[PDB]
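**Student:** Pasting in a structure now, in structure tokens, and then I'll have a few things to ask.
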Amino acid sequence: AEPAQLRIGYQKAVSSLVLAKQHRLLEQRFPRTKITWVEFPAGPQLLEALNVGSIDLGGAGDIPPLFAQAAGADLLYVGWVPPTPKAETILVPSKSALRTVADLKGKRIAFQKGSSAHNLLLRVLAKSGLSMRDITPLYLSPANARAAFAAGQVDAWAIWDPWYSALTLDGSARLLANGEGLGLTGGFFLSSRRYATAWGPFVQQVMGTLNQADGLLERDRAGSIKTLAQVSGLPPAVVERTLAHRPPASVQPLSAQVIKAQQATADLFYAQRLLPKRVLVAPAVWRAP
């Protein structure tokens, strides 16, 4: 037996999950399983849905699961997605006086709370003697943060591609700093405990397939650009710029150093009084037989 249903969460931003969904790669591989793709605006949204059973497999950044674990979610890390530091950014309105990270002190900074942008921001700010309490957070999902930025209500926005490329290409934004040199973890695939326990091998095979979907970003450059352009709405030039910011990042098993990295992030968040619990990553880590 393979399960009857896989309701799997994705974010449109993760170009490789868009393509797998478009090329119906899971469906091709698992013909006896109803594959249902459910889109979320970011990670924390996605994790809250895994928590209540709306999906049971989904991809997010490194922070969403830590926010979920701390609130009491019972998830499994089942796959790790390598970081793409150039695609994680702090943007400012191109008109703005701000040119260095130091200039962020006392400014309003939009970002998805609990998202990878929240950790990019803490860690960028740290290299300049700033912390979360030197800046004002505007906790806003990407579309709502975009609207506030276009309206002049934010001083800076921590956000990922496609928005970075979109706003820098159209003149809306300057890059203030990206995620290079912070030793970012990356992201994860999360699962419900029951589903990954019941259907381990299937969950591994799901990863095998999504892994090959990431491969299309480089092995099908010209085709990826069209489909993505077509699917997102974005111009091809922008989709091309987003592919330039992304080395391969194919989902594969959690290595030892990644687990420790995620624990170190958990510690740092707790230490900075941004999580109420100390989160233990390791008991939630899973690998198939």
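In the structure tokens, the first chain shown is A, the next is B, and so on; residue numbers restart at 1 for each chain, and ligands run from 1 in the order shown.
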For the strand (DSSP E) assignment from backbone DSSP, which residues of segment 103-243 of chain A qualify? Please present them as a PyMOL selection string.

**Tutor:** chain A and resi 108-111+136-139+156-160+173-178+187-192

**Student:** Segment 151-244 of chain A near segment 84-108 of chain A within 6 Å: what's each residue's closest atom pair and its distance in Å to one decimal, counting only C-alpha atoms, ordered by chain then ascending residue number, as CSV?

**Tutor:**
```
residue,atom,partner,partner_atom,distance
A:154,CA,A:108,CA,5.4
A:155,CA,A:108,CA,5.2
A:156,CA,A:92,CA,4.4
A:157,CA,A:91,CA,5.2
A:158,CA,A:90,CA,4.3
A:159,CA,A:89,CA,5.5
A:160,CA,A:88,CA,4.5
A:161,CA,A:87,CA,5.3
A:172,CA,A:94,CA,5.7
A:173,CA,A:94,CA,4.3
A:174,CA,A:94,CA,4.9
A:175,CA,A:91,CA,4.6
A:176,CA,A:91,CA,5.3
A:177,CA,A:90,CA,5.3
A:178,CA,A:89,CA,4.2
A:179,CA,A:85,CA,4.1
A:180,CA,A:85,CA,5.0
```

**Student:** From the set A:31, A:129, A:162, A:181, which residue has the shortest atom-to-atom contact distance to residue 241 of chain A, counting only C-alpha atoms?

**Tutor:**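 Once distances to residue 241 of chain A are computed over only C-alpha atoms, the minimum belongs to A:162.
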
**Student:** Counting only C-alpha atoms, which residue out of A:20, A:52, A:225, A:138 sits closest to residue 238 of chain A?

**Tutor:** A:225

**Student:** Using only C-alpha atoms, which residues of segment 45-90 of chain A come within 10 Å of segment 197-205 of chain A, and what is the closest atom pair for each, with the distance in Å to one decimal? Give it as CSV, sorted by chain and residue number.

**Tutor:**
```
residue,atom,partner,partner_atom,distance
A:57,CA,A:203,CA,8.5
A:76,CA,A:197,CA,9.5
A:78,CA,A:203,CA,8.1
A:79,CA,A:204,CA,8.6
```

**Student:** Using DSSP on the backbone coordinates, identify the residues of segment 29-265 of chain A assigned to alpha helix (DSSP H); present them as a count of residues only.

**Tutor:** 103
